[PDB]
Structures are given as structure tokens and as C-alpha cells.
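J.: Here is my input; please provide its structure:
(chains A, B, C and D, ligands or ions: 4)
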There are 4 protein chains.
Amino acid sequence: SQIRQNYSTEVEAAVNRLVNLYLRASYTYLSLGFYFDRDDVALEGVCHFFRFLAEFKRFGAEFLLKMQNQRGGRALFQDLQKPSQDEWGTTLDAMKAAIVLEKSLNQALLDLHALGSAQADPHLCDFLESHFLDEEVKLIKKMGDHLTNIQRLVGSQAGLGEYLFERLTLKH
Amino acid sequence: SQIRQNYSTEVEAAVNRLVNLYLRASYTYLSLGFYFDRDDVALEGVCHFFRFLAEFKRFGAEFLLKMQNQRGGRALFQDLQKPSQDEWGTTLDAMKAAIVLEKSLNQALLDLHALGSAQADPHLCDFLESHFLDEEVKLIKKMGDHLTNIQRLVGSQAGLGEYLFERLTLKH
Amino acid sequence: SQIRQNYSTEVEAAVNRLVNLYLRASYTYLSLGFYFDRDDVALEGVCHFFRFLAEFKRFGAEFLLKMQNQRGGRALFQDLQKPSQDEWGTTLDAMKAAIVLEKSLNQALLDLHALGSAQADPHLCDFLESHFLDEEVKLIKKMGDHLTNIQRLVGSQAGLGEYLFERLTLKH
Amino acid sequence: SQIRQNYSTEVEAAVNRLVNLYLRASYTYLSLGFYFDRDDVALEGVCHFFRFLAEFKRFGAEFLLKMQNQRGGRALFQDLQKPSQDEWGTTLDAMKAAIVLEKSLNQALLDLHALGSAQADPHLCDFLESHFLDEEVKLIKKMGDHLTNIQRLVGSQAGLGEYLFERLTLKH
Ligand SMILES: [Cl-]
Ligand SMILES: [Cl-]
Ligand SMILES: [Cl-]
Ligand SMILES: [Cl-]
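T.: Numbers count the residues shown, from 1 in each chain, chains lettered A, B, ... in the order given. Ligands and ions are numbered 1, 2, ... in the order given. Okay, here it is:
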């Protein structure tokens, strides 16, 4: 490449893997969103929360691909694994699965940041810091806040709590 | 001092003590606010109620300091004690602690008003009457209203009630 | 904690200590501001400079507390020591004390950045870089500029110079 | 009188005396204002400061007279003594004479407040508290601030300092 400078093959490959992880996360959120749109689930705010995250993770993948080309690396796409479940249980089950997924993406971001620091690639490090690390901490905090509110609403009237959370916390 | 007139050393010292009490109350409300922002507490309206009071009590301290200088007294600052708790329990526990704190500030206002009246300091008396006494009665009434609503919502579904109070009474 | 990830106990504790340092600095600036509002000091622009810094340092403390919760750490508050002086001397004395205070806060920021780098905590490092390190360098440069102008105005007519600096450099 | 209620002859007479004191103060400020308009004095900002106070004290007298009639007392006017000086010296001399005058008016306000309190006349007490006592404290603080700035500007270049104070502190 006529532009590539200070961009290791190790970083290039790890960026392609991170693109796959974000596209997989987007797919997981698409499945979560349409589960909550089922006529036998019918939680509009929950559907909208996860459909927004599906678009937000696709955006993250596209930002990584733009950066891959800016650095002179080569995008390489792999098969995208289907999500881990076909049915996602309750809002609580879904929000737990979402925070597990986000902690996995956050650890992948931290791992790539550590590789960039080891390879003295400050453009890679700054790119993650400026576009991903704080967005990810803020999303995980939001999901933790939601999990606590869902948990406090279960009590012995689980259906009432799940309705109220969707109506009074989530955007619909 | 070239301006000081009818301003006793007793009032000057009691004003400095009241500044300390208001700055301590502001600090207590800062701690209450950030407790309700914890991911394992997550009651946004409760966080906002106490963060507003932290700013409101700081304002009261600054108004007292402005008056101290207007009268020709000398601001003297003391160490600010940490709040009484690191964790504040439920919204009910927190709102009870807040009304105990406000009754303590109100008694300090009444004590300083009585000293000013004994020292025939009508500017001090009017300053408290016009800027503090009614604001304090109105805040205590608001907190009493909130305590009654929180208490009526406990029943046997405490988590549901605490969610509903935060969602439907407090500003978020 | 259900959200905490890559957030060491060492960083958590150092963040709480930095919150204390910023709240102490805010308190120091409150005392400086009201000293310059005394009828026997009466330098409005100097009062406003330090009152603005009192609010700016409180803001910094609140930003650290927000981040502490975003990361899943626990805010812990300590007693806030009174400022180092009750009377602050001349504008020159005050601006020297302010730059000593700011260099102490800047070294605390640099120390926490170095701890975050040692603990491979890039979110902490980016948070300080993006919200504190450049703001602090810019504030110290401004104070250095002011110290030089105050020093050039002393000559043998110190009162004239102190008036002129307040009138023609500081906002009133 | 068909309206008079709870309004002692002692208060009525003291209100008429206070009207005389405010009209005398207005006259003193008229003389101060026109002294600073002399071609051999020529300090426009100083002239404007004292001309504003002449109008402000006339206003205070008219507010007392309105209240005298509202209470059913009878305005009684006495001769208005000429001001204490025909020539007022420097801005410093003038601002010292002004603070002596204002402390005398403030003590008269405090004396009438104490008489009203002794006579259980709360309308009189509230009238002074709401319209006079804080305005007077604020004016005396402003004059003290000005005296300190004038004093710091004397040094060994008195004419330079007096020019600069008029140009850079007073409104012209
Ligand atoms: Cl699979
Ligand atoms: Cl303590
Ligand atoms: Cl100390
Ligand atoms: Cl006479």
C-alpha cells in the first residue's frame, strides 16, 4: 500500500475480527428487537431499545471499516454467526444477555487498545478512546441502571413490573 | 471596619457557623445525589432532587457570605465534616435523613433570628425572614409531602412503590 | 458490581482522593473570592476570577463523581480541610497561592494518569486527557500571564498597579 | 383621623424628623454633585455619583411622606439646614463625608425601628426593613468599597489616582 504507515498486520487482523464482533452484536440486537415485537410478547419500548442498539452496533462496524481503509489495511469479512438464542425470555433475561454481550465487546476493545499500545500505534489507541471506549462505558452504565430497575419491579407481580418498566422507563 | 454598624461579634460568629452548616448540608446532598446515581440504585429522579438541593444549599451559604461582607464582618471558614453516611438506604431512608437535616438547619436559622432580635439587629432579622425562613418552611413541607407519598407506596411491594414514586412524582 | 470492568481498586480510591482535592480547591477559591469582596479589599475583578474558579473546581469534582459511578466504583467522601489561609494578602500573593494550588492539582492528575496507564485503564487515561489535562494547562498558563502582569505593575506604586490590573485585565 | 390605627404620636414625630434628615441628606448630595461639576474640580463621574444620591435620598423622603399619610399621621416640615461645607475637598474627603452622613441616616433608621418595636408597630418595622435597611447597608458597602479603592490610589501621585478612580470606577 502507498499510504500504510505504522499499521501492523496484527492490528489489521484484530480490526477485522472486531468488525465481525460488532456485526454479530448488531444481528443479536436485531433478533432481540423483533422478539419483543411478537404479538405474544408485545413490549414496544423494549423492541425500540434493542432495534436502536442493532443500528448503533452496525454504525460501529462501519466506523472501524472506514478506519481500516484510512490506515491502508484491507477489510476481510467472515461468516456472521446467528445469535445465541431464538427466544429471549423476559425483559430481565434480555437485558442480562445484552450486558454480557456488551462486556464481551468492551473486553475486545480493551484487548485491541492494549495491542495498539504494545505496537506503538497511537492513531489506533486514540481512535478507540475517542469513538468507542466512553460510548461503551456509558451504554453499560445505562444497561446496569435498567437491570436494577427491572429487578426492583419483579417482586411477586412480575407481569405488572415488566409492563410498568416498558411504559415508564423505555421510549415508545 | 469603616462600614460596620450595629453588627455584633456574636452575630458575626453565628453567621460563619451557619455558613459551615449550609456547606455541610450541600455536601450531604452531593453524597445523597451520587448514591442514587449508582448503577445498583439507579433512581434518576431521586438523584436529581438531591443534586438540586446540593446546589440550593451552596447558594444559601454564598448569600450568607455576601451579607457577612455587606455588614463588615469577616468570613471565617472551618473544616467541612463529611456526611453522616456513605450509603443512604432506600428513598424513604434518604427523605427521612433529609427532613432531619432540614429541621436542624431551620432550628439554626431560628436561633440566629432570636440572637439578632436580642441584639436589636433588624437588618439580620429581615435578611433571614426575606431569604431563608419561608424558603425553608416550603422545602420542609415539600419533603413531608414526599415522605407521606413514599410511605403510602411501601405496602408489601416496596420495590414497585419506590420505582413508581421516582417515575411519577420526581422530575427526571 | 454488575457493570464494573477493568476498574482497579487503586484507581477507584485515587479518584475519590482527587474528588476531595478538587472540592478542597473549590473551597479555597470560595475563600479567596469572598476575601476580595471585603470592603477593606474591594477588588471586584479579583473576587469574580476566584468565584468562577470555585464553581469550575466544583464542576471538576462532580465530573469525577459521575465517572466513578459510570465505571461502577463507589464514591467515598472525606472531611474537607479548610483553606490554608483566612486572609490572602495582595492580588499577587493570591495569584501565587492559586498557581501553587493548581500545580498541586495538575501533579495529582498526572499521578492518576500514570496509575491508569500502569493498570492498562485506557478509559481512565482518556477521561483525564479529554476533560482535565488540557483545561489545567490552559488555566495555569492564564495564571502565569496574570502573575507576570501583576509583577510588572508593582514598581514603587503598588496600590495603583493593583487597581489597574483589576480594572483593565480582570472581568468586572 | 378616620383611618389611624396603632400609629403612635412618637412614631409620627420621628417619621417627620426622618423626612427632614433625608431631605437634608439630598441637599448635601446636591452640593457635593455641583462641587465636582466646577471647572476647577471637573470630575464628571464623582458629580454623577452624588447627583444620583441627591435624587435617591429625595425619593426616600417622599416614600416616608406617603407612608405617613397611609397611616393617618400628619406631615410636618421644618427648615432644611444647609450642608456642612461649601467646598468638599478631594474625592476621598467627599466619600468620607458621605459615609459619615450615611452612618448617621442608618442610625436614625435603626432608632426608629427600635421605637416601632417598643410600640408594637409591625407595619412601621416592616416598612423600614423592606424599603430602607437593606438599601442603606448596600449603599454603605458600596461607599466603603469606593473609599478603599480611592485610598489605594493615593500613594505619592494623588492627582493621577483621583483621575483614574473617576475614569475607571465611576459611571460617566
Ligand atoms: Cl453459531
Ligand atoms: Cl465527621
Ligand atoms: Cl486543615
Ligand atoms: Cl446649619
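
J.: Is there contact, residue-wise, from stretch A:83-99 to chain B?
T.: No: judged by CB under 8 Å from any CB of the partner chain, stretch A:83-99 makes no contact with chain B; its nearest approach is 10.1 Å. All C-beta spots, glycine's among them, are computed from the backbone N, C-alpha and C.

J.: For that stretch, list every residue counted as buried.
T.: For stretch A:83-99, burial by neighbour count (16 or more other CB atoms under 10 Å in any protein chain shown) applies to A:83, A:88, A:90-92, A:94-99.

J.: Tell me which two in these are the farthest apart.
T.: Greatest spacing in the buried residues of stretch A:83-99, by CB to CB: A:83 and A:92 (17.9 Å).

J.: check contacts around residue A:69.
T.: By CB atoms under 8 Å, 6 or more residues apart in numbering or on different chains, residue A:69 lies in contact with residue A:75.

J.: Can you read off the backbone torsions of it?
T.: Backbone torsions of residue A:69, given as degrees, to the nearest 10, read phi -70, psi -40.

J.: Roughly how far does it sit from residue D:162?
T.: 71 Å (CB to CB, to the nearest Å).

J.: do residue A:9 as well
T.: Taking CB to CB, one finds residue A:9 at 78 Å from residue D:162.

J.: Compare those two and say which is more crowded by neighbours.
T.: Taking other CB atoms under 10 Å in any protein chain shown, residue A:9 and residue D:162 do not tie; residue D:162 has more neighbours (19 against 9).

J.: What residue, apart from its backbone neighbours, is nearest the more buried one spatially?
T.: residue D:91 (5.3 Å; CB to CB, 6 or more residues apart in numbering or on different chains).

J.: who's in contact with that neighbour?
T.: Contacts of residue D:91 (CB under 8 Å, 6+ apart): D:36, D:43, D:46, D:150, D:162, D:165-166.

J.: number of nearby residues for residue A:1?
T.: Neighbour count of residue A:1, defined by other CB under 10 Å: 9.

J.: do residue A:66 as well
T.: Other residues close to residue A:66 by other CB under 10 Å number 11.

J.: now do residue A:100
T.: 10.

J.: would you say it is within a strand?
T.: No: Residue A:100 sits outside any strand when classified using DSSP: H, G, I helix; E, B strand; the rest coil, being helix.

J.: Quick check: the gap between it and residue C:3.
T.: 12 Å.

J.: Just the strands from chain A, written as ranges.
T.: With DSSP state E as the criterion, chain A has no strands.

J.: So which residues on it come close to chain C?
T.: Counting by CB under 8 Å from any CB, chain A comes close to chain C at A:99, A:103, A:106-107, A:110, A:113-114, A:117, A:125, A:128-130, A:133-134, A:137-138, A:140-141, A:143-144, A:147-148.

J.: Which of the residues you listed fall within helices?
T.: Members of these lying in helices (criterion: DSSP state H): A:99, A:103, A:106-107, A:110, A:113-114, A:117, A:125, A:128, A:134, A:137-138, A:140-141, A:143-144, A:147-148.

J.: For stretch A:130-143, buried residues please.
T.: Across stretch A:130-143, burial judged by 16+ other CB under 10 Å covers A:132-134, A:136-137, A:139-143.

J.: Quick check: nearest residue in space to residue A:168, chain neighbours excluded?
T.: In this structure, residue A:168 finds its nearest non-sequential neighbour in residue B:167, 4.5 Å apart by CB to CB, 6+ apart.
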